[PDB]
Every structure is written in C-alpha cells, then in structure tokens.
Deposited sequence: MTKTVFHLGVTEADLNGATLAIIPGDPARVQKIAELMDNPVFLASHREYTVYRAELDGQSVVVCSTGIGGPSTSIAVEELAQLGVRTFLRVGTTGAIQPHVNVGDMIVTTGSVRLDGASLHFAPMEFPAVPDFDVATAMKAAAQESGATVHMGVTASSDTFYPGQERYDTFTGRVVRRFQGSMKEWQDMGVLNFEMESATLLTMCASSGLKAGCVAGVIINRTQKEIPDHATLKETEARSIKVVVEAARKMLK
C-alpha cells in the first residue's frame, strides 16, 4: 500500500496522475508554491514528496536526486500509485553556439550515455518524449517569452568525463568519451544533462508519458532562468490537464 522508498500511499496522492519531477528537493517546495495548498507527504533521502493542487486537480511534485538510478526509483514507485505523466524540469549546459543562456531546451530525444535506460529497453529503443508533453512544454516555454529550442539532448551518467570535462582530478577522459562533445555538436545535439535518457526510455517503454524541459545556465562554447524554468513547467503541467 505504501511504496518502499518514497514512503507514501496512493490515497496520499488524492488521485494525482501527474508529477513534476525536479532533481533538487529544494526546487520541490518552490514549484508547489506556484500551485495551491502544498502538502508535505514524505521526505526520505533525496526524495521529498509533495502534494499540491493545480487548477483544481491534484498533482505530485517529487524530487529525484541526481542520476538515472535514483530517478528510476521515483518514477516506478509513483507509477505504482497511479501516476502516468512525468514532467522533467531543471537546468542544463548548452553546446551549440546559437543557444543562449536564458533559453529553454525541450528534449525531442536523448542520446543514451547512461546505464539505467538499458534496464528498461535495449539500446536500439529510442529515448523519446511523449509528443503531448513535448508540445505542452514547447508552448508553455514560448508563451513565457523565452527563446526556445527543440532538439536532441545528450544524457550522461556522469557530470565530468561523460560530458568531456577535463578540469578534473586526473585530467583524463576514457577513450569512449574523447572528442565526444565535438561529435555531439556536429550531430546537432543541443545540451548535456544527466537524467533524460533513463526518464524517457523507462517511460516510452512502460506506457507512461514523460517529457523534459530545461533552462540554459552555461554554454561550453560561448535566477531569472531557474525561476522561469519552474514557471514554464508548472504551466506545461497546466496544459497537460487539458
């Protein structure tokens, strides 16, 4: 009746079938306060589970922590409780020069540089969002006033070598990832983040709806964004309740 990690029950969600899933537990309260009567439900480790109401419908806000592994946990347990739509909000780093800090990235597809996506569908299966969620997100983003890019997102199990950072303890990137950033760029990939591949694959392959939206905070080639980011997702969420 009560899930293993989130420590909540189905009655707790008051029939919520949509969750906004940031990674940061501190984003959780703040997102809920762009909605109504935010109720604390549980807080175990990186998962802080809040209920709130949005346009007179119950919705979940659940932090996921960092990485596909912690994410796959939150999504599975919430789905056990009836949740069917999962909205990913956060911030990202752009790798295309034409993309500016302030812009929103809505993922049309994730490059699968993770491990947990593989635990749901084999590698040939695409990491793709639900079209309705991506649509709602694009719309909500455009209406916000921001410049908006639809495109492919590289989703990496690491922050440093998998995103080809050299400014690290050993200054070394494993062979697979050497020259990788330039490869994604010439392939038109827009950004690097760390959760969308597991999110989109586990959802696309398990009859769940998911999408990813994110604000550009750094550009490896070249606040208002963070605030307009959760603003954009709460509105994307609104659009999704039809």
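Colleague: May I ask you to mark the stretches of the deposited sequence that the structure leaves without C-alpha coordinates?
Modeller: Missing from the model are residues 1-2, 225-233.
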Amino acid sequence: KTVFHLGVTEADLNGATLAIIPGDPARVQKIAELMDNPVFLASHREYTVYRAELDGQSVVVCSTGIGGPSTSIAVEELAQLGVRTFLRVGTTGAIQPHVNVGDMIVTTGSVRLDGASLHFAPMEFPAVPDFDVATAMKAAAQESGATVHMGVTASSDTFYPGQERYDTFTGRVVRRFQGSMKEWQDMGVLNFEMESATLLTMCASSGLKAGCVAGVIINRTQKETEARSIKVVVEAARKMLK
From here on, numbers count along this sequence of modelled residues.
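Just so we're on the same page, rigid core means the largest C-alpha set that superposes within 1.5 Å between forms.
Colleague: Between 207-215 and 36-44, which has its CA atoms farther from the current form in 8 other deposited structures of this protein, using a rigid core superposition?
Modeller: Larger mean C-alpha displacement, comparing 207-215 and 36-44 in 8 other deposited structures of this protein, is found in 36-44.
Colleague: Is the larger C-alpha RMS shift in 8 other deposited structures of this protein, relative to this form with the rigid core superposed, found in 48-56 or in 195-203?
Modeller: It is 48-56 whose C-alphas lie farther from the shown form in 8 other deposited structures of this protein.
Colleague: Between 210-218 and 31-39, which has the larger average Cα B-factor in the PDB entry?
Modeller: It is 31-39 that shows the higher mean C-alpha B-factor.
Colleague: If you take the mean CA temperature factor per stretch, which one wins between 141-149 and 118-126?
Modeller: For C-alpha atoms only, the mean B-factor is higher in 141-149.
Colleague: Highest recorded C-alpha temperature factor, please, choosing from 46, 183, 55, 193.
Modeller: The record points to 55.
Colleague: For the chain shown, is the CA B-factor of residue 90 in the lowest, middle or highest third of its modelled residues?
Modeller: Ranked within chain, residue 90 CA B lands in the middle tercile.
Colleague: Ranked by Cα temperature factor within the chain, is residue 99 in the lowest third, the middle third or the highest third?
Modeller: Residue 99: CA B-factor falls in the highest third of its chain.
Colleague: Mind checking which third residue 59 falls in for C-alpha B-factor across the chain?
Modeller: Its C-alpha B-factor belongs to the highest third of this chain's values.
Colleague: Compare the C-alpha B factor of residue 176 with those of the other modelled residues in its chain, then answer lowest, middle or highest third.
Modeller: According to the entry, residue 176 has a C-alpha B-factor in the chain's lowest third.
Colleague: How does the C-alpha B factor of residue 26 compare with the rest of the chain: lowest, middle or highest third?
Modeller: Highest third - that is where residue 26 ends up once the chain's C-alpha B-factors are sorted.
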